[PDB]
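I would like to see how this sequence folds:
(chains A and B, ligands or ions: 3)
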Amino acid sequence: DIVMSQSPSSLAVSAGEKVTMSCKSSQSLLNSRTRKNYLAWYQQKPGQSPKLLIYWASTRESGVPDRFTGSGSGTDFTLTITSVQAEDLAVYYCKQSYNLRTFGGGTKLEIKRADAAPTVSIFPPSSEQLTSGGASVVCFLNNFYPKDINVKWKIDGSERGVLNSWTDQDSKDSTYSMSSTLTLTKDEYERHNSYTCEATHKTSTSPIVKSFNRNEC
Amino acid sequence: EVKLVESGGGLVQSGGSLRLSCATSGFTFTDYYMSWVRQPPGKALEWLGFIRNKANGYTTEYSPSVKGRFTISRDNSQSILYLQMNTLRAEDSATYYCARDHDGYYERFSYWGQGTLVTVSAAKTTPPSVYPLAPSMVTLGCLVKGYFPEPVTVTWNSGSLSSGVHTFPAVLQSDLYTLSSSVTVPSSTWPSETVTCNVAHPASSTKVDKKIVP
Ligand SMILES: C=CCO[C@]1(C(=O)O)C[C@@H](O[C@]2(C(=O)O)C[C@@H](O[C@]3(C(=O)O)C[C@@H](O)[C@@H](O)[C@@H]([C@H](O)CO)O3)[C@@H](O)[C@@H]([C@H](O)CO)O2)[C@@H](O)[C@@H]([C@H](O)CO)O1
Ligand SMILES: [Zn+2]
Ligand SMILES: [Zn+2]
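Numbers count the residues shown, from 1 in each chain, chains lettered A, B, ... in the order given. Ligands and ions are numbered 1, 2, ... in the order given. Next up is the structure itself:
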């Protein structure tokens, strides 16, 4: 086999700065007959298929921004992105085609940006869920940076069945969002009145508090 | 325009077989090698195999990881590529992509399909419950709860609302997936203008439109 290895595993860069990542092969990929390196680079944006960027080590495919440049030869290859843009958030894969094909393990490129506070929204259980015997309360914490965030649920003022999920970084504004869902039985839901989502994020020493009261529904 | 479209993914039991298809158009199919590549959720791409072009006798090659167990074939009359998978195991759960490959000259995979998700599991198919999430800018949502297998698709107003949407990755809890989706719109536009989430679960052929009512 030919072993393909990429570095770094991951990194974050601010818009406008340069990105360098590398790809090593266990064997030279330089074909002696054609005098080309059989090494290609693919970009996979979140939720998308991979897209060809560079092939033969340094040939930039038509339609690919000028800021992407492939270089290297033999066993060592480099993808350089100058003036990185928010939309360049992706996992980048190199792939040899010298002997069958083999992909590297990828480099995950994240985008660094200015800290941003979450916009927090809370939602009570729908009547169509309650009819069924369950009660989910949902809290969205949207468009914040950096990714680290704390969420606490309080029920009648006391801290408490939680599903947390983070989006991939946003391709436009480089923020993260998170959804937190508390699920109770209808029977337990109806024993209490106040339901509160509290978000603590580095952007404030004050937690952002969103609440509803069951009597107000 | 070159088009590659995979089909055939879904839920299958351990030890079972499944055959994927990849319909193509927009290029001279027989001129090209075609590859299959897979990606387990959150992991790296893995090349699986290829079938050569007409000039090379349409012969096949395979990664050691699947040689002897997966078979690639092609219909040169209709420009369709196939992957037959046998004795499936949990490790085979992944998104499967077809990619256009070598033409005798260029070294590149020029084009890739959207991928088809295969889930190898003993669990039964369970359709989602879909619940509306109602309360300058206003944020609304849909909770898509308790389904299996992945995937689901969520759009808002049949795809006309796309900016200001966050669809959260599904999370598995006690053998069922749940996800949610939020949409943020101007407060002057709701409930004056309608907001509806459109949810599909192909495994159970579920189609739901949920109006967000004040
Ligand atoms: C009717 C079948 C003809 O194929 C051969 C033969 O053995 O008779 C094989 C030729 O094979 C190559 C070659 O230069 O060795 C390789 C072919 O590419 C692939 C492969 O199919 O394994 C795939 C490429 O991505 C790359 O990995 C290469 C390697 O770099 C090795 O070269 O392998 C392909 O490039 C063919 C080309 O279509 C020939 O036109 O060449 C070669 O011996 C040909 C001969 O030129 C007559 O057609 O016959
Ligand atoms: Zn209680
Ligand atoms: Zn052969």
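
interface residues of chain B facing ligand 1?
Contact residues (C-beta under 6 Å from any ligand atom) of chain B with ligand 1: B:52, B:55, B:56, B:57, B:102, B:104, B:107. No exception for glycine: its C-beta is placed from N, CA and C like everyone else's.

my guess is the second one contacts residue B:104. True?
Going back to what we said before, that points to residue B:55. Yes. Using C-beta atoms under 8 Å, residue B:55 is in contact with residue B:104, at 5.9 Å.

what residues are shared contacts of these two?
Common contacts of residue B:55 and residue B:104, defined by C-beta atoms under 8 Å, 6 or more residues apart in numbering or on different chains, comprise residue B:31.

hmm, back to that, of the residues of chain B next to ligand 1 - the most surrounded one?
Using other C-beta atoms under 10 Å in any protein chain shown as the neighbour criterion, residue B:107 leads the residues of chain B next to ligand 1 with 24 neighbours.

would that one count as being in a helix?
No. Using DSSP: H, G, I helix; E, B strand; the rest coil, the assignment for residue B:107 is coil, not a helix.

and the single nearest residue of chain B relative to ligand 1, what is it in contact with?
The nearest approach of chain B to ligand 1 comes at residue B:104, 3.7 Å away (C-beta to the nearest ligand atom). Going by C-beta under 8 Å, 6+ apart, residue B:104 touches B:31, B:53, B:55, B:56.

quick revisit: list just the nearest of the residues of chain B next to ligand 1 to residue A:199.
Set against residue A:199, the nearest of these by C-beta to C-beta is residue B:107 (49.3 Å).

state the distance from that closest one to chain A.
Remark: distance between residue B:107 and chain A (C-beta to the nearest C-beta, to the nearest Å) = 5 Å.

ligand 1 contacts on chain A?
Contact residues, chain A versus ligand 1 (C-beta under 6 Å from any ligand atom): A:31, A:97, A:98.

may I ask which of those residues has the most neighbours?
The residues of chain A next to ligand 1, ranked by neighbours (other C-beta under 10 Å): first place residue A:97, 25 neighbours.

count the neighbours of the residue lying closest to that one once chain neighbours are set aside for me.
Nearest residue to residue A:97, sequence neighbours excluded (C-beta to C-beta, 6 or more residues apart in numbering or on different chains): residue A:38, at 4.4 Å. Using other C-beta under 10 Å, residue A:38 has 22 other residues around it.

please apply the same query to the one 4 residues further on.
Residue A:42 has 26 neighbours, counted by other C-beta under 10 Å.

who's it bridged to?
Beta-bridge partners recorded for residue A:42 (DSSP bridges): residue A:52, residue A:93.

right, and it touches residue A:53 too?
Yes. Using C-beta under 8 Å, residue A:42 makes contact with residue A:53 at a distance of 6.4 Å.

common neighbours of the two, please.
By C-beta under 8 Å, 6+ apart, the residues touching both residue A:42 and residue A:53 are residue A:92.

picking up where we left off before, for the residues of chain B next to ligand 1, which one is nearest residue A:176?
Within those, proximity to residue A:176 (C-beta to C-beta) peaks at residue B:107, which comes in at 37.2 Å.

residue contacts, the closest one?
Contact analysis of residue B:107 by C-beta under 8 Å, 6+ apart lists A:36, A:38, A:40, A:55, A:56, A:97.

from what I can see the first one touches residue A:30, true?
Right, residue A:36. Yes. Using C-beta under 8 Å, residue A:36 is in contact with residue A:30, at 7.4 Å.

how is chain A carved up into domains?
A:1-113, A:114-214 (curated CATH domains).

nearest to residue B:115, out of the ones you listed?
domain A:1-113 (5.9 Å).

residue closest to the middle of chain A?
Residue closest to the average C-alpha location in chain A (C-alpha atoms, centre = their mean): residue A:168, at 2.6 Å.

now that residue: how far from residue B:49?
Per C-beta to C-beta, to the nearest Å, residue A:168 is found 29 Å from residue B:49.

so residue B:24 is in which element?
In the assignment (DSSP states H and E), residue B:24 maps to strand B:18-25.
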